[PDB]
file final_20.txt (compact mmCIF, N, CA and C atoms)
# COMPACT_ATOMS: atom_id res chain seq x y z
N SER A 56 44.11 -55.50 -2.52
CA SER A 56 43.81 -55.05 -1.17
C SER A 56 44.37 -53.66 -0.92
N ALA A 57 45.58 -53.39 -1.40
CA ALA A 57 46.13 -52.05 -1.25
C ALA A 57 45.31 -51.03 -2.04
N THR A 58 44.76 -51.44 -3.18
CA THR A 58 43.90 -50.54 -3.94
C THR A 58 42.60 -50.25 -3.20
N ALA A 59 42.00 -51.27 -2.58
CA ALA A 59 40.79 -51.02 -1.80
C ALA A 59 41.07 -50.13 -0.60
N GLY A 60 42.24 -50.29 0.02
CA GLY A 60 42.55 -49.50 1.19
C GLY A 60 42.79 -48.04 0.88
N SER A 61 43.28 -47.74 -0.32
CA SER A 61 43.52 -46.36 -0.70
C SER A 61 42.23 -45.61 -1.02
N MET A 62 41.11 -46.30 -1.18
CA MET A 62 39.83 -45.62 -1.36
C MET A 62 39.42 -44.82 -0.14
N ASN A 63 39.98 -45.10 1.03
CA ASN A 63 39.67 -44.27 2.19
C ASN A 63 40.12 -42.83 1.98
N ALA A 64 41.27 -42.63 1.34
CA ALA A 64 41.73 -41.28 1.03
C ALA A 64 40.81 -40.61 0.01
N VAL A 65 40.31 -41.37 -0.96
CA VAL A 65 39.38 -40.82 -1.93
C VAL A 65 38.11 -40.34 -1.23
N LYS A 66 37.60 -41.14 -0.29
CA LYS A 66 36.40 -40.76 0.43
C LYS A 66 36.64 -39.54 1.31
N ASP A 67 37.81 -39.46 1.94
CA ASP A 67 38.14 -38.28 2.73
C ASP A 67 38.16 -37.03 1.87
N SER A 68 38.71 -37.14 0.66
CA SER A 68 38.78 -35.98 -0.23
C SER A 68 37.40 -35.55 -0.70
N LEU A 69 36.54 -36.50 -1.06
CA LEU A 69 35.20 -36.14 -1.51
C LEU A 69 34.39 -35.50 -0.39
N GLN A 70 34.56 -35.99 0.85
CA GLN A 70 33.88 -35.36 1.97
C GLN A 70 34.42 -33.96 2.24
N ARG A 71 35.72 -33.77 2.05
CA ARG A 71 36.30 -32.44 2.18
C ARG A 71 35.70 -31.48 1.16
N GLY A 72 35.48 -31.97 -0.06
CA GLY A 72 34.87 -31.12 -1.07
C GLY A 72 33.44 -30.76 -0.74
N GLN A 73 32.69 -31.71 -0.18
CA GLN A 73 31.33 -31.40 0.24
C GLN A 73 31.32 -30.36 1.36
N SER A 74 32.28 -30.42 2.28
CA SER A 74 32.35 -29.42 3.34
C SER A 74 32.68 -28.03 2.79
N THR A 75 33.62 -27.96 1.85
CA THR A 75 33.99 -26.69 1.24
C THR A 75 32.80 -26.06 0.53
N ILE A 76 32.05 -26.87 -0.22
CA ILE A 76 30.87 -26.34 -0.89
C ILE A 76 29.79 -25.94 0.12
N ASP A 77 29.68 -26.65 1.24
CA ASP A 77 28.71 -26.26 2.26
C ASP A 77 29.00 -24.87 2.80
N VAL A 78 30.27 -24.58 3.07
CA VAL A 78 30.60 -23.24 3.56
C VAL A 78 30.30 -22.19 2.49
N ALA A 79 30.58 -22.52 1.22
CA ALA A 79 30.26 -21.57 0.16
C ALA A 79 28.76 -21.32 0.07
N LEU A 80 27.94 -22.36 0.25
CA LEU A 80 26.50 -22.17 0.18
C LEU A 80 25.96 -21.36 1.35
N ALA A 81 26.56 -21.48 2.54
CA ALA A 81 26.15 -20.63 3.65
C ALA A 81 26.47 -19.16 3.37
N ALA A 82 27.67 -18.89 2.86
CA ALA A 82 28.00 -17.53 2.47
C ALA A 82 27.10 -17.04 1.34
N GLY A 83 26.70 -17.93 0.44
CA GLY A 83 25.81 -17.55 -0.64
C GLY A 83 24.42 -17.22 -0.18
N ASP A 84 23.94 -17.89 0.87
CA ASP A 84 22.70 -17.47 1.51
C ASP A 84 22.80 -16.03 1.97
N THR A 85 23.88 -15.71 2.68
CA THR A 85 24.07 -14.33 3.12
C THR A 85 24.06 -13.37 1.94
N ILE A 86 24.75 -13.73 0.87
CA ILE A 86 24.98 -12.80 -0.23
C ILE A 86 23.70 -12.58 -1.03
N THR A 87 22.93 -13.63 -1.28
CA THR A 87 21.68 -13.42 -2.00
C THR A 87 20.69 -12.61 -1.17
N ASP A 88 20.69 -12.76 0.16
CA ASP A 88 19.84 -11.88 0.96
C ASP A 88 20.31 -10.43 0.86
N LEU A 89 21.62 -10.21 0.89
CA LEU A 89 22.14 -8.85 0.77
C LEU A 89 21.79 -8.24 -0.59
N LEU A 90 21.90 -9.03 -1.65
CA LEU A 90 21.58 -8.52 -2.98
C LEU A 90 20.10 -8.20 -3.12
N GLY A 91 19.22 -8.98 -2.49
CA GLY A 91 17.81 -8.64 -2.52
C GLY A 91 17.52 -7.33 -1.80
N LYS A 92 18.15 -7.13 -0.64
CA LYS A 92 17.97 -5.85 0.04
C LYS A 92 18.56 -4.69 -0.76
N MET A 93 19.67 -4.92 -1.46
CA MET A 93 20.28 -3.86 -2.26
C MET A 93 19.40 -3.49 -3.44
N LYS A 94 18.77 -4.48 -4.07
CA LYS A 94 17.83 -4.18 -5.14
C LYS A 94 16.64 -3.39 -4.60
N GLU A 95 16.22 -3.70 -3.38
CA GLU A 95 15.14 -2.92 -2.77
C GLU A 95 15.57 -1.47 -2.53
N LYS A 96 16.83 -1.26 -2.16
CA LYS A 96 17.31 0.11 -1.97
C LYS A 96 17.37 0.87 -3.29
N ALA A 97 17.93 0.24 -4.33
CA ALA A 97 18.05 0.92 -5.62
C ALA A 97 16.68 1.20 -6.22
N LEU A 98 15.73 0.29 -6.03
CA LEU A 98 14.39 0.50 -6.55
C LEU A 98 13.71 1.68 -5.87
N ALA A 99 13.88 1.80 -4.55
CA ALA A 99 13.30 2.93 -3.85
C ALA A 99 13.98 4.25 -4.22
N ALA A 100 15.29 4.23 -4.46
CA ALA A 100 16.01 5.46 -4.76
C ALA A 100 15.75 5.97 -6.17
N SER A 101 15.22 5.15 -7.06
CA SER A 101 14.90 5.61 -8.40
C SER A 101 13.59 6.40 -8.45
N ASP A 102 12.77 6.35 -7.41
CA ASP A 102 11.59 7.20 -7.32
C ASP A 102 12.01 8.66 -7.18
N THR A 103 11.39 9.54 -7.96
CA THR A 103 11.76 10.95 -7.95
C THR A 103 10.96 11.78 -6.96
N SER A 104 9.98 11.20 -6.28
CA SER A 104 9.29 11.92 -5.23
C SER A 104 10.08 11.96 -3.93
N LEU A 105 11.18 11.23 -3.84
CA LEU A 105 12.00 11.28 -2.64
C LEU A 105 12.68 12.63 -2.52
N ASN A 106 12.76 13.13 -1.29
CA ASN A 106 13.62 14.27 -1.02
C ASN A 106 15.06 13.79 -0.87
N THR A 107 15.98 14.76 -0.79
CA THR A 107 17.40 14.43 -0.81
C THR A 107 17.82 13.60 0.40
N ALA A 108 17.23 13.86 1.57
CA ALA A 108 17.64 13.11 2.75
C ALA A 108 17.26 11.64 2.65
N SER A 109 16.08 11.34 2.12
CA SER A 109 15.67 9.95 1.94
C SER A 109 16.53 9.26 0.90
N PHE A 110 16.87 9.96 -0.18
CA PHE A 110 17.75 9.38 -1.19
C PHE A 110 19.11 9.07 -0.59
N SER B 56 11.33 -15.00 -5.33
CA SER B 56 11.12 -14.47 -3.99
C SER B 56 11.70 -13.07 -3.86
N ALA B 57 12.87 -12.84 -4.44
CA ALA B 57 13.43 -11.49 -4.41
C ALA B 57 12.55 -10.52 -5.18
N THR B 58 11.92 -10.98 -6.25
CA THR B 58 11.01 -10.12 -7.00
C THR B 58 9.77 -9.79 -6.18
N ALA B 59 9.22 -10.77 -5.46
CA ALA B 59 8.07 -10.48 -4.62
C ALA B 59 8.44 -9.53 -3.49
N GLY B 60 9.65 -9.65 -2.95
CA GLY B 60 10.05 -8.80 -1.85
C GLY B 60 10.26 -7.36 -2.26
N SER B 61 10.66 -7.13 -3.50
CA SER B 61 10.87 -5.77 -3.97
C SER B 61 9.56 -5.03 -4.24
N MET B 62 8.43 -5.72 -4.27
CA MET B 62 7.14 -5.05 -4.39
C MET B 62 6.82 -4.18 -3.19
N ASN B 63 7.47 -4.40 -2.05
CA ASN B 63 7.24 -3.52 -0.91
C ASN B 63 7.68 -2.09 -1.23
N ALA B 64 8.78 -1.93 -1.97
CA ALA B 64 9.21 -0.60 -2.39
C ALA B 64 8.22 0.02 -3.37
N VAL B 65 7.65 -0.79 -4.25
CA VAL B 65 6.64 -0.28 -5.18
C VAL B 65 5.43 0.23 -4.42
N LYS B 66 5.00 -0.51 -3.40
CA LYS B 66 3.85 -0.09 -2.61
C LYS B 66 4.15 1.18 -1.82
N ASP B 67 5.37 1.29 -1.28
CA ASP B 67 5.75 2.51 -0.58
C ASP B 67 5.71 3.71 -1.52
N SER B 68 6.17 3.53 -2.75
CA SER B 68 6.18 4.63 -3.70
C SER B 68 4.76 5.05 -4.10
N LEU B 69 3.88 4.08 -4.34
CA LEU B 69 2.51 4.42 -4.71
C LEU B 69 1.78 5.12 -3.56
N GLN B 70 2.04 4.70 -2.32
CA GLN B 70 1.45 5.40 -1.18
C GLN B 70 2.01 6.80 -1.03
N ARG B 71 3.29 6.98 -1.33
CA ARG B 71 3.88 8.31 -1.32
C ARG B 71 3.21 9.22 -2.34
N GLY B 72 2.89 8.67 -3.51
CA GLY B 72 2.21 9.46 -4.51
C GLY B 72 0.81 9.85 -4.10
N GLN B 73 0.10 8.93 -3.44
CA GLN B 73 -1.22 9.27 -2.94
C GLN B 73 -1.15 10.36 -1.87
N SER B 74 -0.12 10.35 -1.03
CA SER B 74 0.03 11.41 -0.03
C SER B 74 0.32 12.76 -0.67
N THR B 75 1.18 12.77 -1.68
CA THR B 75 1.50 14.01 -2.38
C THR B 75 0.26 14.61 -3.04
N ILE B 76 -0.54 13.76 -3.69
CA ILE B 76 -1.77 14.25 -4.30
C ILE B 76 -2.76 14.72 -3.23
N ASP B 77 -2.79 14.07 -2.06
CA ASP B 77 -3.69 14.51 -1.00
C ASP B 77 -3.36 15.93 -0.56
N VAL B 78 -2.07 16.23 -0.40
CA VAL B 78 -1.70 17.59 -0.01
C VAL B 78 -2.08 18.58 -1.11
N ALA B 79 -1.89 18.19 -2.37
CA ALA B 79 -2.30 19.08 -3.46
C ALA B 79 -3.80 19.33 -3.45
N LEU B 80 -4.60 18.31 -3.15
CA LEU B 80 -6.05 18.50 -3.13
C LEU B 80 -6.49 19.38 -1.96
N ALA B 81 -5.80 19.31 -0.82
CA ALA B 81 -6.14 20.23 0.27
C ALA B 81 -5.84 21.68 -0.12
N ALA B 82 -4.68 21.91 -0.72
CA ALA B 82 -4.38 23.25 -1.21
C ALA B 82 -5.36 23.68 -2.29
N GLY B 83 -5.82 22.74 -3.12
CA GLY B 83 -6.79 23.06 -4.14
C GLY B 83 -8.15 23.43 -3.60
N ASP B 84 -8.55 22.82 -2.48
CA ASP B 84 -9.74 23.27 -1.77
C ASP B 84 -9.60 24.74 -1.41
N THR B 85 -8.47 25.09 -0.79
CA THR B 85 -8.24 26.49 -0.44
C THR B 85 -8.34 27.39 -1.66
N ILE B 86 -7.73 26.97 -2.77
CA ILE B 86 -7.59 27.84 -3.92
C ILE B 86 -8.92 28.02 -4.64
N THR B 87 -9.71 26.96 -4.78
CA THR B 87 -11.02 27.14 -5.41
C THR B 87 -11.94 28.00 -4.56
N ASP B 88 -11.84 27.91 -3.23
CA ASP B 88 -12.62 28.84 -2.41
C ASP B 88 -12.17 30.28 -2.62
N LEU B 89 -10.85 30.50 -2.70
CA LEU B 89 -10.35 31.85 -2.93
C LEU B 89 -10.79 32.38 -4.29
N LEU B 90 -10.77 31.54 -5.32
CA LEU B 90 -11.19 31.98 -6.64
C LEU B 90 -12.67 32.30 -6.69
N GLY B 91 -13.50 31.55 -5.96
CA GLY B 91 -14.91 31.90 -5.90
C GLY B 91 -15.15 33.24 -5.23
N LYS B 92 -14.44 33.51 -4.14
CA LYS B 92 -14.56 34.82 -3.51
C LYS B 92 -14.04 35.93 -4.42
N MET B 93 -12.98 35.66 -5.18
CA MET B 93 -12.43 36.67 -6.08
C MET B 93 -13.40 36.99 -7.21
N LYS B 94 -14.07 35.97 -7.74
CA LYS B 94 -15.09 36.21 -8.75
C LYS B 94 -16.23 37.03 -8.17
N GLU B 95 -16.56 36.79 -6.90
CA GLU B 95 -17.59 37.61 -6.26
C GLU B 95 -17.15 39.06 -6.13
N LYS B 96 -15.86 39.29 -5.87
CA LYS B 96 -15.36 40.67 -5.78
C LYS B 96 -15.40 41.35 -7.14
N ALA B 97 -14.92 40.67 -8.18
CA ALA B 97 -14.90 41.27 -9.51
C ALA B 97 -16.31 41.53 -10.03
N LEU B 98 -17.25 40.63 -9.72
CA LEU B 98 -18.62 40.82 -10.15
C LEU B 98 -19.25 42.04 -9.48
N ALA B 99 -18.99 42.23 -8.19
CA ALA B 99 -19.51 43.40 -7.51
C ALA B 99 -18.86 44.69 -8.00
N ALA B 100 -17.57 44.65 -8.34
CA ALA B 100 -16.87 45.86 -8.75
C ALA B 100 -17.24 46.30 -10.16
N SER B 101 -17.83 45.43 -10.97
CA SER B 101 -18.25 45.83 -12.30
C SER B 101 -19.56 46.62 -12.30
N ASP B 102 -20.30 46.62 -11.19
CA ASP B 102 -21.47 47.48 -11.07
C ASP B 102 -21.04 48.95 -11.03
N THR B 103 -21.72 49.78 -11.81
CA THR B 103 -21.35 51.19 -11.91
C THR B 103 -22.07 52.08 -10.90
N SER B 104 -23.00 51.53 -10.13
CA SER B 104 -23.61 52.32 -9.07
C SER B 104 -22.73 52.42 -7.83
N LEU B 105 -21.62 51.69 -7.78
CA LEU B 105 -20.72 51.80 -6.66
C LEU B 105 -20.03 53.16 -6.65
N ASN B 106 -19.86 53.72 -5.47
CA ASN B 106 -18.98 54.87 -5.32
C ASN B 106 -17.53 54.40 -5.26
N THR B 107 -16.61 55.36 -5.30
CA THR B 107 -15.19 55.03 -5.40
C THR B 107 -14.69 54.26 -4.18
N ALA B 108 -15.19 54.58 -2.99
CA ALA B 108 -14.70 53.90 -1.80
C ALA B 108 -15.08 52.43 -1.79
N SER B 109 -16.30 52.11 -2.22
CA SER B 109 -16.71 50.71 -2.29
C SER B 109 -15.93 49.95 -3.35
N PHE B 110 -15.68 50.60 -4.49
CA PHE B 110 -14.88 49.97 -5.53
C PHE B 110 -13.47 49.68 -5.03

call {"tool": "encode", "arguments": {"input": "final_20.txt", "output": "structure tokens"}}
result
Amino acid sequence: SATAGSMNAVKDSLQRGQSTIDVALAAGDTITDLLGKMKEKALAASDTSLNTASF
Amino acid sequence: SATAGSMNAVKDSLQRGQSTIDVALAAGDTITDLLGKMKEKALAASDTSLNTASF
């Protein structure tokens, strides 16, 4: 019975891990969007028809 | 998806190239007209019946 009761702490810990990963995935959404925009900037800046102000 | 989104920069660059060539073709209209008039001047000046003032 004491062993079954200690599984509540195991469940709390696993739920804590799922919450931590959820926050990481939200930040990762932000970061992959930023990286896509950054690739769009670098791709545009490699064109040589740009003037200096656009670059 | 990030690859599809970066095609917008490719399209911007190709449109920029079409604009650059358009300006060159407008200047080329001017220049071919000038060269035709210049050939008309040289052709008239090669006639030896011209007096010095007309030449």

call {"tool": "closest_residue", "arguments": {"input": "final_20.txt", "among": "B:73, B:107, B:87, B:61", "to": "chain A", "atoms": "only N, CA and C atoms"}}
result
B:61

call {"tool": "atom_distance", "arguments": {"input": "final_20.txt", "atom1": "atom CA of residue 75 of chain A", "atom2": "atom CA of residue 57 of chain B"}}
result
26.2 Å

call {"tool": "calpha_fit_and_write", "arguments": {"input": "final_20.txt", "fixed": "chain A", "moving": "chain B", "output": "PDB file with N, CA and C atoms, in the coordinates of the input"}}
result
ATOM      1  N   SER B  56      44.117 -55.504  -2.514  1.00  0.00           N
ATOM      2  CA  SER B  56      43.807 -55.046  -1.167  1.00  0.00           C
ATOM      3  C   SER B  56      44.370 -53.655  -0.920  1.00  0.00           C
ATOM      4  N   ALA B  57      45.579 -53.395  -1.399  1.00  0.00           N
ATOM      5  CA  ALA B  57      46.130 -52.048  -1.255  1.00  0.00           C
ATOM      6  C   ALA B  57      45.306 -51.038  -2.036  1.00  0.00           C
ATOM      7  N   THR B  58      44.758 -51.440  -3.172  1.00  0.00           N
ATOM      8  CA  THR B  58      43.903 -50.541  -3.941  1.00  0.00           C
ATOM      9  C   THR B  58      42.604 -50.256  -3.198  1.00  0.00           C
ATOM     10  N   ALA B  59      42.006 -51.273  -2.574  1.00  0.00           N
ATOM     11  CA  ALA B  59      40.796 -51.028  -1.807  1.00  0.00           C
ATOM     12  C   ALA B  59      41.078 -50.140  -0.604  1.00  0.00           C
ATOM     13  N   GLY B  60      42.245 -50.288   0.017  1.00  0.00           N
ATOM     14  CA  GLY B  60      42.560 -49.499   1.187  1.00  0.00           C
ATOM     15  C   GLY B  60      42.794 -48.039   0.871  1.00  0.00           C
ATOM     16  N   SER B  61      43.284 -47.743  -0.322  1.00  0.00           N
ATOM     17  CA  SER B  61      43.523 -46.360  -0.701  1.00  0.00           C
ATOM     18  C   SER B  61      42.233 -45.606  -1.028  1.00  0.00           C
ATOM     19  N   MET B  62      41.111 -46.293  -1.178  1.00  0.00           N
ATOM     20  CA  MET B  62      39.831 -45.618  -1.357  1.00  0.00           C
ATOM     21  C   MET B  62      39.420 -44.813  -0.140  1.00  0.00           C
ATOM     22  N   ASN B  63      39.985 -45.094   1.032  1.00  0.00           N
ATOM     23  CA  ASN B  63      39.668 -44.276   2.197  1.00  0.00           C
ATOM     24  C   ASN B  63      40.125 -42.831   1.987  1.00  0.00           C
ATOM     25  N   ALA B  64      41.276 -42.632   1.340  1.00  0.00           N
ATOM     26  CA  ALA B  64      41.730 -41.281   1.025  1.00  0.00           C
ATOM     27  C   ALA B  64      40.813 -40.610   0.009  1.00  0.00           C
ATOM     28  N   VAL B  65      40.313 -41.371  -0.953  1.00  0.00           N
ATOM     29  CA  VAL B  65      39.372 -40.812  -1.926  1.00  0.00           C
ATOM     30  C   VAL B  65      38.108 -40.344  -1.232  1.00  0.00           C
ATOM     31  N   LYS B  66      37.606 -41.137  -0.288  1.00  0.00           N
ATOM     32  CA  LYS B  66      36.399 -40.760   0.436  1.00  0.00           C
ATOM     33  C   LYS B  66      36.635 -39.534   1.313  1.00  0.00           C
ATOM     34  N   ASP B  67      37.812 -39.453   1.947  1.00  0.00           N
ATOM     35  CA  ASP B  67      38.134 -38.272   2.737  1.00  0.00           C
ATOM     36  C   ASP B  67      38.159 -37.024   1.862  1.00  0.00           C
ATOM     37  N   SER B  68      38.709 -37.138   0.662  1.00  0.00           N
ATOM     38  CA  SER B  68      38.785 -35.988  -0.225  1.00  0.00           C
ATOM     39  C   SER B  68      37.397 -35.547  -0.706  1.00  0.00           C
ATOM     40  N   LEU B  69      36.541 -36.503  -1.062  1.00  0.00           N
ATOM     41  CA  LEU B  69      35.201 -36.144  -1.513  1.00  0.00           C
ATOM     42  C   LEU B  69      34.385 -35.506  -0.385  1.00  0.00           C
ATOM     43  N   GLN B  70      34.555 -35.992   0.847  1.00  0.00           N
ATOM     44  CA  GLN B  70      33.879 -35.354   1.976  1.00  0.00           C
ATOM     45  C   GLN B  70      34.421 -33.964   2.241  1.00  0.00           C
ATOM     46  N   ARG B  71      35.719 -33.768   2.047  1.00  0.00           N
ATOM     47  CA  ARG B  71      36.302 -32.441   2.172  1.00  0.00           C
ATOM     48  C   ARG B  71      35.705 -31.477   1.155  1.00  0.00           C
ATOM     49  N   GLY B  72      35.475 -31.964  -0.063  1.00  0.00           N
ATOM     50  CA  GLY B  72      34.868 -31.122  -1.067  1.00  0.00           C
ATOM     51  C   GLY B  72      33.440 -30.754  -0.742  1.00  0.00           C
ATOM     52  N   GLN B  73      32.686 -31.708  -0.186  1.00  0.00           N
ATOM     53  CA  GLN B  73      31.332 -31.395   0.232  1.00  0.00           C
ATOM     54  C   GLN B  73      31.318 -30.364   1.361  1.00  0.00           C
ATOM     55  N   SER B  74      32.283 -30.419   2.273  1.00  0.00           N
ATOM     56  CA  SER B  74      32.355 -29.414   3.337  1.00  0.00           C
ATOM     57  C   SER B  74      32.686 -28.032   2.793  1.00  0.00           C
ATOM     58  N   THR B  75      33.619 -27.968   1.851  1.00  0.00           N
ATOM     59  CA  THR B  75      33.985 -26.692   1.244  1.00  0.00           C
ATOM     60  C   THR B  75      32.794 -26.057   0.527  1.00  0.00           C
ATOM     61  N   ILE B  76      32.048 -26.871  -0.225  1.00  0.00           N
ATOM     62  CA  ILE B  76      30.865 -26.349  -0.897  1.00  0.00           C
ATOM     63  C   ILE B  76      29.796 -25.937   0.120  1.00  0.00           C
ATOM     64  N   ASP B  77      29.683 -26.649   1.248  1.00  0.00           N
ATOM     65  CA  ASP B  77      28.705 -26.266   2.261  1.00  0.00           C
ATOM     66  C   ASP B  77      28.996 -24.872   2.799  1.00  0.00           C
ATOM     67  N   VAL B  78      30.270 -24.581   3.070  1.00  0.00           N
ATOM     68  CA  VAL B  78      30.604 -23.244   3.558  1.00  0.00           C
ATOM     69  C   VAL B  78      30.303 -22.196   2.488  1.00  0.00           C
ATOM     70  N   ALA B  79      30.587 -22.518   1.226  1.00  0.00           N
ATOM     71  CA  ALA B  79      30.255 -21.571   0.158  1.00  0.00           C
ATOM     72  C   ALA B  79      28.758 -21.322   0.070  1.00  0.00           C
ATOM     73  N   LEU B  80      27.942 -22.356   0.255  1.00  0.00           N
ATOM     74  CA  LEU B  80      26.493 -22.167   0.178  1.00  0.00           C
ATOM     75  C   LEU B  80      25.965 -21.351   1.358  1.00  0.00           C
ATOM     76  N   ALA B  81      26.569 -21.482   2.540  1.00  0.00           N
ATOM     77  CA  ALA B  81      26.146 -20.622   3.650  1.00  0.00           C
ATOM     78  C   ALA B  81      26.468 -19.153   3.361  1.00  0.00           C
ATOM     79  N   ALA B  82      27.669 -18.891   2.861  1.00  0.00           N
ATOM     80  CA  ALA B  82      27.999 -17.527   2.467  1.00  0.00           C
ATOM     81  C   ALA B  82      27.100 -17.040   1.342  1.00  0.00           C
ATOM     82  N   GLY B  83      26.706 -17.934   0.431  1.00  0.00           N
ATOM     83  CA  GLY B  83      25.813 -17.560  -0.639  1.00  0.00           C
ATOM     84  C   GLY B  83      24.415 -17.219  -0.182  1.00  0.00           C
ATOM     85  N   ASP B  84      23.936 -17.888   0.871  1.00  0.00           N
ATOM     86  CA  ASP B  84      22.695 -17.477   1.514  1.00  0.00           C
ATOM     87  C   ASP B  84      22.802 -16.028   1.961  1.00  0.00           C
ATOM     88  N   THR B  85      23.882 -15.712   2.681  1.00  0.00           N
ATOM     89  CA  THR B  85      24.080 -14.333   3.121  1.00  0.00           C
ATOM     90  C   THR B  85      24.067 -13.369   1.947  1.00  0.00           C
ATOM     91  N   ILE B  86      24.759 -13.729   0.864  1.00  0.00           N
ATOM     92  CA  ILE B  86      24.980 -12.798  -0.224  1.00  0.00           C
ATOM     93  C   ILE B  86      23.706 -12.580  -1.030  1.00  0.00           C
ATOM     94  N   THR B  87      22.933 -13.631  -1.284  1.00  0.00           N
ATOM     95  CA  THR B  87      21.672 -13.417  -1.999  1.00  0.00           C
ATOM     96  C   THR B  87      20.689 -12.604  -1.175  1.00  0.00           C
ATOM     97  N   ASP B  88      20.691 -12.765   0.152  1.00  0.00           N
ATOM     98  CA  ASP B  88      19.849 -11.880   0.961  1.00  0.00           C
ATOM     99  C   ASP B  88      20.307 -10.431   0.862  1.00  0.00           C
ATOM    100  N   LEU B  89      21.629 -10.207   0.891  1.00  0.00           N
ATOM    101  CA  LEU B  89      22.139  -8.847   0.771  1.00  0.00           C
ATOM    102  C   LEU B  89      21.799  -8.245  -0.587  1.00  0.00           C
ATOM    103  N   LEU B  90      21.898  -9.028  -1.656  1.00  0.00           N
ATOM    104  CA  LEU B  90      21.575  -8.518  -2.978  1.00  0.00           C
ATOM    105  C   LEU B  90      20.102  -8.196  -3.121  1.00  0.00           C
ATOM    106  N   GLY B  91      19.223  -8.984  -2.495  1.00  0.00           N
ATOM    107  CA  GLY B  91      17.811  -8.637  -2.521  1.00  0.00           C
ATOM    108  C   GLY B  91      17.517  -7.335  -1.800  1.00  0.00           C
ATOM    109  N   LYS B  92      18.143  -7.124  -0.648  1.00  0.00           N
ATOM    110  CA  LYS B  92      17.972  -5.849   0.041  1.00  0.00           C
ATOM    111  C   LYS B  92      18.554  -4.692  -0.768  1.00  0.00           C
ATOM    112  N   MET B  93      19.668  -4.922  -1.461  1.00  0.00           N
ATOM    113  CA  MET B  93      20.279  -3.865  -2.262  1.00  0.00           C
ATOM    114  C   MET B  93      19.394  -3.485  -3.442  1.00  0.00           C
ATOM    115  N   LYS B  94      18.769  -4.475  -4.074  1.00  0.00           N
ATOM    116  CA  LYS B  94      17.825  -4.181  -5.142  1.00  0.00           C
ATOM    117  C   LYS B  94      16.643  -3.393  -4.605  1.00  0.00           C
ATOM    118  N   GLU B  95      16.221  -3.701  -3.378  1.00  0.00           N
ATOM    119  CA  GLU B  95      15.143  -2.916  -2.773  1.00  0.00           C
ATOM    120  C   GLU B  95      15.567  -1.475  -2.534  1.00  0.00           C
ATOM    121  N   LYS B  96      16.833  -1.259  -2.167  1.00  0.00           N
ATOM    122  CA  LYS B  96      17.320   0.114  -1.967  1.00  0.00           C
ATOM    123  C   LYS B  96      17.378   0.865  -3.288  1.00  0.00           C
ATOM    124  N   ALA B  97      17.936   0.242  -4.324  1.00  0.00           N
ATOM    125  CA  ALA B  97      18.052   0.912  -5.615  1.00  0.00           C
ATOM    126  C   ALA B  97      16.683   1.200  -6.224  1.00  0.00           C
ATOM    127  N   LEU B  98      15.726   0.285  -6.032  1.00  0.00           N
ATOM    128  CA  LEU B  98      14.391   0.498  -6.552  1.00  0.00           C
ATOM    129  C   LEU B  98      13.708   1.680  -5.866  1.00  0.00           C
ATOM    130  N   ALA B  99      13.872   1.801  -4.552  1.00  0.00           N
ATOM    131  CA  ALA B  99      13.298   2.933  -3.851  1.00  0.00           C
ATOM    132  C   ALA B  99      13.978   4.247  -4.222  1.00  0.00           C
ATOM    133  N   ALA B 100      15.290   4.225  -4.467  1.00  0.00           N
ATOM    134  CA  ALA B 100      16.013   5.455  -4.759  1.00  0.00           C
ATOM    135  C   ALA B 100      15.747   5.970  -6.167  1.00  0.00           C
ATOM    136  N   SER B 101      15.222   5.145  -7.064  1.00  0.00           N
ATOM    137  CA  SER B 101      14.899   5.615  -8.398  1.00  0.00           C
ATOM    138  C   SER B 101      13.590   6.404  -8.453  1.00  0.00           C
ATOM    139  N   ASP B 102      12.770   6.345  -7.402  1.00  0.00           N
ATOM    140  CA  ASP B 102      11.591   7.198  -7.324  1.00  0.00           C
ATOM    141  C   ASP B 102      12.011   8.663  -7.173  1.00  0.00           C
ATOM    142  N   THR B 103      11.388   9.534  -7.956  1.00  0.00           N
ATOM    143  CA  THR B 103      11.759  10.947  -7.953  1.00  0.00           C
ATOM    144  C   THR B 103      10.962  11.782  -6.953  1.00  0.00           C
ATOM    145  N   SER B 104       9.980  11.192  -6.285  1.00  0.00           N
ATOM    146  CA  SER B 104       9.291  11.924  -5.232  1.00  0.00           C
ATOM    147  C   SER B 104      10.076  11.957  -3.927  1.00  0.00           C
ATOM    148  N   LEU B 105      11.182  11.226  -3.834  1.00  0.00           N
ATOM    149  CA  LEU B 105      11.996  11.275  -2.646  1.00  0.00           C
ATOM    150  C   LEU B 105      12.679  12.633  -2.512  1.00  0.00           C
ATOM    151  N   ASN B 106      12.759  13.129  -1.295  1.00  0.00           N
ATOM    152  CA  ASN B 106      13.621  14.269  -1.019  1.00  0.00           C
ATOM    153  C   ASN B 106      15.064  13.796  -0.877  1.00  0.00           C
ATOM    154  N   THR B 107      15.981  14.757  -0.797  1.00  0.00           N
ATOM    155  CA  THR B 107      17.406  14.433  -0.810  1.00  0.00           C
ATOM    156  C   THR B 107      17.817  13.599   0.401  1.00  0.00           C
ATOM    157  N   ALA B 108      17.229  13.854   1.566  1.00  0.00           N
ATOM    158  CA  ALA B 108      17.633  13.112   2.751  1.00  0.00           C
ATOM    159  C   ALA B 108      17.259  11.643   2.655  1.00  0.00           C
ATOM    160  N   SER B 109      16.075  11.347   2.119  1.00  0.00           N
ATOM    161  CA  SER B 109      15.677   9.953   1.944  1.00  0.00           C
ATOM    162  C   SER B 109      16.536   9.250   0.906  1.00  0.00           C
ATOM    163  N   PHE B 110      16.867   9.960  -0.176  1.00  0.00           N
ATOM    164  CA  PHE B 110      17.744   9.387  -1.186  1.00  0.00           C
ATOM    165  C   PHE B 110      19.114   9.070  -0.599  1.00  0.00           C
TER     166      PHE B 110
END

call {"tool": "residues_around", "arguments": {"input": "final_20.txt", "residues": "residue 59 of chain B", "least_positions_apart": "4", "cutoff": "12 Å", "atoms": "only C-alpha atoms", "output": "PyMOL selection string"}}
result
(chain A and resi 91-92+94-95) or (chain B and resi 63-66)

call {"tool": "atom_distance", "arguments": {"input": "final_20.txt", "atom1": "atom N of residue 62 of chain A", "atom2": "atom N of residue 77 of chain A"}}
result
22.9 Å
